[PDB]
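Presented as structure tokens, the chain that follows is alone, the form deposited in one PDB entry.
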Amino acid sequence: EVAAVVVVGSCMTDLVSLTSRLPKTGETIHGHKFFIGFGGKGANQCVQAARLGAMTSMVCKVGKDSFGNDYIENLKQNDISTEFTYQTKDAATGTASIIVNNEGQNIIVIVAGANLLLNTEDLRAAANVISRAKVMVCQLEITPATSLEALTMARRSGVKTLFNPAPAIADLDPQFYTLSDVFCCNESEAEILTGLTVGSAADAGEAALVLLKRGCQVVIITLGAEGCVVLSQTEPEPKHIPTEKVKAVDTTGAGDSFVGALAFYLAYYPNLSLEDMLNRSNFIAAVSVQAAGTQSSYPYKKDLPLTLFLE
């Protein structure tokens, strides 16, 4: 089973406390529910792609701890290759500690942990799998040198690079743009990266063009309920792809659903137009918002309309 989608990126344990009020400095507050979830942008993306039918491989590092062992089982239960899922005793599995009130306001503390210890030696071991893939997906949740090396390796073998600059930082290494065949981010990330205000699809088109001029081949900005905007070196005029209105239950994880869907279409449906791929990816992400949670909300092929898988 040759993997067509390789994700080099993060696995994180989500530790979620639900409360009626958020704490201030020095305060202890009592909440009403705690749960553990599997997260991390890399793993989220990988899971969505796998559930659509992709043969995937997750290159990542977790701890030699209960959370790490559980994450490995999570990837296996989602039919993801863990050949290059490493474990280390030198850091805990990455964690996202999330406090959420009943209005959806939150405080989040991320400790990337073992994710940061995925190094270039670890990557090099995956060279053969990377070279045989169709798509390589990376984000900004591991150590930058490792993600840059992954993108470089993909480019050397002609593998399509899908980069999600999330979470965004203002002064991103220029190579992230120049190594990206497809660069996909949300409005708030676009603002951080470009310094422009993005309040509309037109505004997103202006931000996208800055990103394009930094060296990306294709730029997509997701707009939540307003769909997405795309432009490319060959077609630099922005195109707004809207999505039909749905009643959202929980929008958490929608961006990773979108990126994982796009990876699937890039790998398995390469002759579809970009606009068609984005229409389908918008639809799948909009399914995800109609269920609670992150990975638990990501739809399987069997539960989706047949027309999403016709060519």
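Rigid core here is just the name for the largest C-alpha set that superposes within 1.5 Å across the two forms. All residue numbers refer to positions in the sequence shown, first residue = 1.
The same protein also exists as the form deposited in another entry; that form is not shown, yet it is the one meant from here on.
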| query | finding |
| --- | --- |
| 2 Å-or-more CA mover between this form and the one not shown, where superposition uses the core and the choices are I241, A91, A166, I99 | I99 |
| Post core alignment: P270 C-alpha displaced by 2 Å or more between this form and the one not shown | no |
| Core fit, then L22 C-alpha moves 2 Å or more between this form and the one not shown | yes |
| Threshold 2 Å Cα movement between this form and the one not shown at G31, rigid core reference | yes |
